[PDB]
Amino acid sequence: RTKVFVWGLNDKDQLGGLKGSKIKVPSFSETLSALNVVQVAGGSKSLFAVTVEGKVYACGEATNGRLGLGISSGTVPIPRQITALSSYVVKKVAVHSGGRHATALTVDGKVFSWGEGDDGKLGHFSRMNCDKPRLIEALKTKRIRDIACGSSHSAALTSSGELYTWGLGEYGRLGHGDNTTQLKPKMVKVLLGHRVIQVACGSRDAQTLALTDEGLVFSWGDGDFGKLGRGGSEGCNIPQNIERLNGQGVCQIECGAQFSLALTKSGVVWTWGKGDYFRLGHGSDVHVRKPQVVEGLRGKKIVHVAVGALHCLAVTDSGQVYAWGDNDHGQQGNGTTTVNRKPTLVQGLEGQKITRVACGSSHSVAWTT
């Protein structure tokens, strides 16, 4: 059994069957806890849950076919199974906090995509929307081990460590040396020679992050607010190493709205990028153009992290959830709508040994195993 807790914005019932629009305290989700989930993922006013059985359930706003349920207008208030994938065992669903498209990776390495089709982010050599998941034919001959989705582009990496990107080319987020939109997955040849094991994609004028099995972090794309981590604000269309993170043991990378986050094996969290509304967690709202340790979590061994648009969540090895950032919709879980300028213990989870967190655009998830 897995107990699932949700809070934050719920205007389009993206919390899966709760009453109220601003859930300011983590609330037990009976619909999601009954599913026995291995992963929850949050998009733009949307929520996806992958179960141990390998099925995918979705809820929230259904505009642009972002839920993959065959519809494209209303909202689905109860987690509904993505029946298009019922003949596969899904391992992970990739979606950005401000995303209207998503991908699913099966245990045998197949990738499906669905949702908004703009700029070819779905990867079907086209710009068509997909109300239901569709197999990405271009990735069929490759054993895909991980996936990631931004708001306007997507990524996948092979078992051998090669990274593919596709979608909107503007501001260099795909990393192929130009700014051309790719309607199909294209291998980032610059990163040949590194075994990429993780990738993260941003939103709007987006950055992209990549992590290698040697602990090296690379970044490329839009440079606004220093989210590339190399100072200043200049963008680039070729992967560049973030030298500050070398030797730190980075094991997880994420991209919020205009900011980046890294977590190391020893439990340290680094953030950098746009500082507005305190999404970085350093106590101020100024920008941070090179990665900086979140001092409010020092001494706490963080084992998992999640980023929303303007908020983050971090889980300690002892099951405590810390939150920082904006709170217009209660997504901080401090019982109010007041911003957490620094990492703050979340309410209502004492006795629940949380192991994993997830975030949508303005909502938050925590669950146990």
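A residue's number is simply how far along the shown sequence it sits, counting from 1.
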Going by the average Cα B-factor in the PDB entry, point out whether 285-293 or 70-78 comes out higher. 70-78
For the higher mean C-alpha B factor in the entry, choose 13-21 or 350-358. 13-21
Which is it among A34, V321, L47, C312: the one with the largest CA B-factor in the entry? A34
Among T83, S260, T103, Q198, the highest C-alpha B-factor in the PDB entry belongs to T83
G275: which third of its chain by C-alpha temperature factor? lowest
Where does the C-alpha B-factor of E53 rank in its chain, lowest, middle or highest third? highest
Which third of the chain holds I136 when residues are ordered by C-alpha B factor: lowest, middle or highest? highest
The third of the chain into which the C-alpha temperature factor of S87 falls is the highest
Sorting the chain's CA B-factors, does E214 end up in the lowest, middle or highest third? highest
